[PDB]
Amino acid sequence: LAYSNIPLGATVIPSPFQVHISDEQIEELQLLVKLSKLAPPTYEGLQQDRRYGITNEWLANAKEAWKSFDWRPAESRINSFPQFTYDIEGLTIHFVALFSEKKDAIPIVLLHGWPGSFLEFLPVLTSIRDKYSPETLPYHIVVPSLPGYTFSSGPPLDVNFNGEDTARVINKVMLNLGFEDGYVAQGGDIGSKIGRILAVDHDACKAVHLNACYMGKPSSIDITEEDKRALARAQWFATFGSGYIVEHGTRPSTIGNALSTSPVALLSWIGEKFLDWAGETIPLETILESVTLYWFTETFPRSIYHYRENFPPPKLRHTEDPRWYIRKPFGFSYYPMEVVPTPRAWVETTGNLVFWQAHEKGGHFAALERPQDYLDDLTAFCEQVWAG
């Protein structure tokens, strides 16, 4: 497999990995999709603008498509990229990688969120290996599955687990691969908090680029018509879009149990996000691939441990806390349909912001929606800040 040779200085050799969902898991999935019931018509379910969530119609259509969804091609595509696992602190940590043949390639770790996965970055990874050979690849790209997500095991059954533990475990992936001299982190959604913690607390992480920075407007800050739509969208998300945060953060076992009962229940909860959060419309096939993977791996109940960190609501939000001010080189890319679009003057207050790029297209799932924009920003930021 191209791009799959372990960097020469690795401290722990990773075990190679391939996904092979059993025929029985596939057919249990179809059985329960078929067994699922739909809601009767309701006023709320008939609103085509989704002001009360997904429409009954969308869900009925998506369920029918699911019955013809074939996992094998998607699984084959996933397996076309090099994948590995480490054993770290009793957990299996899965990651996708593209390793360069250049000895001093710049290591980068790309950090997904919820309800995402490594799947978000495969179009970017496809663009990378279209553009480069293993010989001309300037980067080592590492795309781990966060603890509790898809092929990563955990979190533990017997102790609480939070974002600082997540960062500690993810940093060790990069250390294991020989990157103690330095790597760059890139993060969105929950990955943006992980990226911030890596940059703030872990020596090996030399710089961090974010495409999300969840904050209110700082009081130390004065607007344009783009600043106006950013504030209106942020207020929409805070007021109407944050039910799942409160339920994940306070009753993770209840919602975790309810949505494991049926794959179509998980489809409803997760599909609403792929619909509302995107700038560029995400195809139904991409939603189904993600929900199917979460299902096969029982991700959802293992994946929501992060949300309880905000209950009770902290004095300062993470991004606004001086404890988590990013002193290392810090980059931000602005996508207008990000769930909380944040202007430069906001972001600048949370770190040492040396890189700023704004885009006209794209929303929350920047890598998935705009892989070329994402890859361009990532190359530019890494070239701009990397110090050898």
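So that there is no doubt, residue numbering starts at 1 and follows the sequence shown.
Per the record, residue 158 and residue 159 follow each other directly, and no deposited residue is missing between them. Per the record, residue 232 and residue 233 are directly connected, with no deposited-sequence residue omitted between them. Across the two stretches, 324-332 and 65-73, the PDB entry reports the greater mean Cα temperature factor for 65-73. Across the two stretches, 371-379 and 16-24, the PDB entry reports the greater mean Cα temperature factor for 16-24. The entry assigns its greatest Cα B factor, within the set 309, 165, 120, 247, to 309. Ranking 102, 196, 131, 112 by Cα temperature factor from the entry places 131 first. In this PDB entry, the Cα temperature factor of residue 385 sits in the bottom third of its chain's modelled residues, the lowest group. The PDB entry assigns residue 304 a C-alpha temperature factor belonging to the lowest third of its chain's modelled residues.
Residue 351: CA B factor in the lowest third of modelled residues in this chain (values from the PDB entry). Sorting the modelled residues of the chain by their CA temperature factor places residue 40 in the middle third. Residue 33 sits in the lowest third of its chain by CA B factor, as recorded in the PDB entry.
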